[PDB]
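A note on names: the letters A, B, ... follow the listed sequences, proteins ahead of strands, and every chain is numbered from 1. The analysis underlying the following values was restricted to heavy atoms, covering all of them including side chains, and did not include hydrogens, waters or symmetry mates.
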2 protein chains.
Amino acid sequence: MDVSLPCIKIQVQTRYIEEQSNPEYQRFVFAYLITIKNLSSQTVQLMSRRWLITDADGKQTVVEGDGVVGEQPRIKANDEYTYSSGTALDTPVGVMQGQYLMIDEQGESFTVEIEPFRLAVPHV
Amino acid sequence: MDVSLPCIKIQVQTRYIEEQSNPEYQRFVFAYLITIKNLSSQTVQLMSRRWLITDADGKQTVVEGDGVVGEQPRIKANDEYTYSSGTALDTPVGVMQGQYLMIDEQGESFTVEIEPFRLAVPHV
């Protein structure tokens with residue numbers, strides 16, 4: 001009957017933290033706030049994460065581990081989980097992309113892609 | 001920022017077609033009815049498909065082409081598209097899995113995985 005992977009919708013908002021940064025010393029600090037909405041009919045659980053973080057010059061770093069912010073959130077159908085974290089770059093703009101490794105209700109592994117998004121100093 | 005690919009829910013029901021089959025001659029025919037639901041907030045379009053069909057003895061076949069049933073359905077948010085089609089195997093059971101290639105509202109490509117489902121003679 002269901003033959004699609006559980007639908008997980010991810011949104012992100014970002015903000016440059018001027019109070020933690022030092023442009024002079026090439027240190028640009030960003031905060032990110034991420035919402036994970038379970039759009040499937042089962043409860044799912046975020047087990048681990050892997051980030052690929054690229055600065056504006058193209059320098060790549062990998063950051064992985066279990067959970068987000070120290071936890072493995074269990075998300076019911078039609079529920080969501082939000083958290084925030086941060087990264088520092090050597091440049092005023094950069095990109096993060098990666099994946100969450102989740103499990104479904106039967107303890108089955110599935111990977112969820114976090115599409116690339118930009119980190120940027122204000123530019124309106 | 002939405003940073004996951006559009007959520008597309010695929011469901012399926014299959015049926016063995018006794019009138020089209022000939023067990024004596026090892027010919028087993030199944031029909032399949034697929035519903036594709038747009039759970040994102042943009043209009044998407046299904047452009048092509050690719051199937052891997054596996055019979056109960058492991059014999060594999062690939063079937064691919066543009067559209068489904070001649071069409072490239074344009075599917076709005078919270079609408080759905082249903083079609084049926086059919087496959088014949090040498091064996092009373094087998095498996096189908098594959099992919100749809102869709103485009104999003106900006107006309108970007110994304111692949112939707114159709115997980116394995118079984119085709120089977122009735123066995124209740």
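Tracing side-chain contacts under 4.5 Å through hydrophobic residues (I, L, V, M, F, W, Y), one reaches A:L89 starting from B:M1; they form part of the same cluster.
Atoms CD and CE, from A:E108 and A:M102 in turn, are 14.0 Å apart once rounded to the nearest 0.5 Å.
The ring pair (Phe, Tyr, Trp, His ring centres under 6.0 Å) test applied to B:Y32 returns B:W51, not counting sequence neighbours.
No side-chain donor from either of A:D90 and A:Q26 sits under 3.5 Å from a side-chain acceptor of the other.
Neither the backbone nor the side chain of A:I34 comes within less than 4.5 Å of any heavy atom of chain B. Using a 4.5 Å cut-off between heavy atoms, B:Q13 touches chain A through its side chain atoms alone. There is no contact between B:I36 and chain A, counting heavy-atom distances below 4.5 Å.
Ranked by heavy-atom pairs under 4.5 Å with chain B, the list A:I8, A:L5, A:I10 is led by A:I10.
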